[PDB]
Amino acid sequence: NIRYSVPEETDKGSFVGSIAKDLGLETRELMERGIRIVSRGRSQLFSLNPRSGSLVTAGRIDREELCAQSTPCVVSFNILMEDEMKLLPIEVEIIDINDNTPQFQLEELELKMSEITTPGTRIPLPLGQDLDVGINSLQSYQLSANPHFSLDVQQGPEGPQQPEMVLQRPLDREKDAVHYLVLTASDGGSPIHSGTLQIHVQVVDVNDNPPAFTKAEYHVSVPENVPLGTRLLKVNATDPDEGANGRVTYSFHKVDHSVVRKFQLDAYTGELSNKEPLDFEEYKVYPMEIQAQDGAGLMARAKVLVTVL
């Protein structure tokens, strides 16, 4: 029984072996014995010269196409020697080369995660798959260096399995609204081939910031005979949350209504105006507690102090 080897993907006409050598035959000996390949299966991948006895490749030999994930990859055929009517079994092993990179089944993974997601939360990652075999197949995964997420991997029989992205440090949309990461999947060839997956994490807002007034206290001095409806003051509060969570409206806290009833606070603009006459007497000052509310139940406070001159 005769066994040869050849790497996949050689150029057509690449040398595989000499039948005459391995039968110990010369030129005249070889021809008189009338050798030829019996056509079957993939035998047409090889060409036998009946004068010299050389066996060469005849066409593209792709181990991935022939054998996929099976090992080893052997092409079998008979050589017929017409003289003695004897069949000679030939085996050629097709050697895997590293001509495939680990592939993901998508290019970009889009994730949405609340900024309040608890550390330890685990998300399973798309698998990398390498068409090569053995050392040339998938050997490892790598997640790009970053402060919030790390990679976890189960070390299985033939390689790594079930990659997961695990949250380590808390997210914060007010610091980073989006995170971009890269997952690579590498084989064990030399050099190593690495496939790539882009990961996009969108951080979903939580109402986790109260508004904040520009000042703890707003002082205003107003004329004794100021007309009704006069703008006295504009207050303002900012809020870093998103949408309704960061949208603030203004109002009086309900404390002493007999004071606050003399005034008007625009819920949207924060403009404070007098609604009723103000006395220089009876009340030198007029302290009032005000409130800034966002759209989802967080609040801030300030004091307004109106002095009549």
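Residue numbers here begin at 1 and follow the sequence given.
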| query | finding |
| --- | --- |
| Stretch with the higher entry mean CA B-factor, where the candidates are 19-27 and 294-302 | 19-27 |
| Residue stretch of maximal mean CA temperature factor, 188-196 vs 85-93 | 85-93 |
| Identity of residue with top Cα B-factor, from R231, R173, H148, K112 | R231 |
| Options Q202, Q168, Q162, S221 - largest CA temperature factor per the record | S221 |
| Cα B factor band for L181 (lowest, middle or highest third within the chain) | lowest |
| CA B-factor placement of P119, once the chain's modelled residues are sorted into thirds | middle |
| Within-chain third of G156 by Cα B-factor, per the entry | highest |
| Chain-relative CA temperature factor third for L80 | highest |
| Assigned third (lowest, middle, highest) for the C-alpha B factor of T71 | highest |
